[PDB]
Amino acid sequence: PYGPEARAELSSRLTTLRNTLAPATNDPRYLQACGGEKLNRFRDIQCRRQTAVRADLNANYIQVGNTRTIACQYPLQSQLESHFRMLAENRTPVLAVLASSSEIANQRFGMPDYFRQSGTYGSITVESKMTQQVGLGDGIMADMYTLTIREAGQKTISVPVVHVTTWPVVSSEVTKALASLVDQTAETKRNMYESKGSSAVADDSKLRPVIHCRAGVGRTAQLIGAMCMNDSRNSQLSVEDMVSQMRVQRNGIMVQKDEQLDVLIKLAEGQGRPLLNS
């Protein structure tokens, strides 16, 4: 069930899906830029229109089995205010940033340092406070923050942040520990909203973990796959199911590299979870 024959057949099915989902020049399946402002950080990594969160972000609602998340690109400088609006309206129980510290510091990559420092974005002001640091194994460290998002006359929303300061391949072990940390962080924050009687708890489009790396299709997809396998409601959901759900709901590049698919395969194998649909 996890041998070369099963793996070749899984890659056959997934590659076919990537071909089908490849974006056309003005593809109606994908979000297009409204005005002379770049929407996609990468021109070939586009945002599914039916599941888009905001018209000016490369960001998608994704449900894999029962697991509800948002996957997005690292926001462009011009998208910061809209990005914080997504975070606050979602009542984000955890923001998982999988771009490393050295990548964020690389100014040629154009990733603004929006969660490690305070700032002002239009009418929104953001305060950053560092909290715990959690080791993930193999020398990998997660720095955690609280982001407090304020706007005059609006409700103040604070967002837990899990920042993985280095990605190297990340082993299935580190990915497993990361999914547990992200899920636990989300659970603690969600329970707080529940204890306040928040109406967002019953809202299908809210209280979703937000995950992004740089483009939101590689490390992001690896983590989302691991979180859905950490969800006890997803028994019998196959790896084919998981990746195809991510691709139809964001783009055909979700799980971009063979190394990332191999992590998901190993995690499934450890659970006895099927690779293929029968």
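Just count from 1 along the sequence shown to find any residue number. For the two forms, the rigid core is made up of the largest set of C-alpha atoms that agree within 1.5 Å on superposition.
Root mean square C-alpha distance from this form after a core fit in 4 other deposited structures of this protein: higher for 67-75 or for 151-159? Stretch with the larger root mean square C-alpha distance in 4 other deposited structures of this protein: 151-159.
Farther-lying stretch by C-alpha RMS in 4 other deposited structures of this protein, rigid core as reference, of 30-38 and 236-244: Clearly, after the core fit, the stretch farther away in 4 other deposited structures of this protein is 30-38.
Indicate whether the chain is continuous between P168 and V169 or, if not, how many deposited residues are absent from the coordinates: none, 1 to 3, 4 to 9, or 10 or more. Count of unmodelled residues in between: 1 to 3.
Using the B-factors recorded in the PDB entry, average over the C-alpha atoms of 176-184 and of 193-201, then report which stretch comes out higher. It is 193-201 that shows the higher mean C-alpha B-factor.
Comparing 35-43 with 224-232, where is the mean C-alpha B-factor higher? Mean C-alpha B-factor is greater for 35-43.
For the listed residues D138, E89, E127, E81, which one has the largest C-alpha B-factor as given in the deposited model? Spelled out: the listed residue with the top C-alpha B-factor is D138.
Per the coordinate record, which of the options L17, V263, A24, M254 holds the highest CA temperature factor? Result of the comparison over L17, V263, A24, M254: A24.
Is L147 in the lowest, middle or highest third of its chain when residues are ranked by C-alpha B-factor? Tercile = middle for this residue's CA B-factor.
Pull the Cα B-factor of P209 out of the PDB entry and bin it into the chain's lowest, middle or highest third. Within its chain, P209 is a lowest-third residue by C-alpha B-factor, going by the deposited values.
Could you say whether, by C-alpha temperature factor, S244 belongs to the lowest, middle or highest third of its chain? Its C-alpha B-factor, which the entry lists for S244, ranks in the lowest third among residues of this chain.
Sorting by Cα B-factor within the chain, modelled residues only, which third would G216 end up in: lowest, middle or highest? Bottom third by C-alpha B-factor.
Could you place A55 in the lowest, middle or highest third of its chain by Cα temperature factor, using the values in the record? Its C-alpha B-factor, which the entry lists for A55, ranks in the highest third among residues of this chain.
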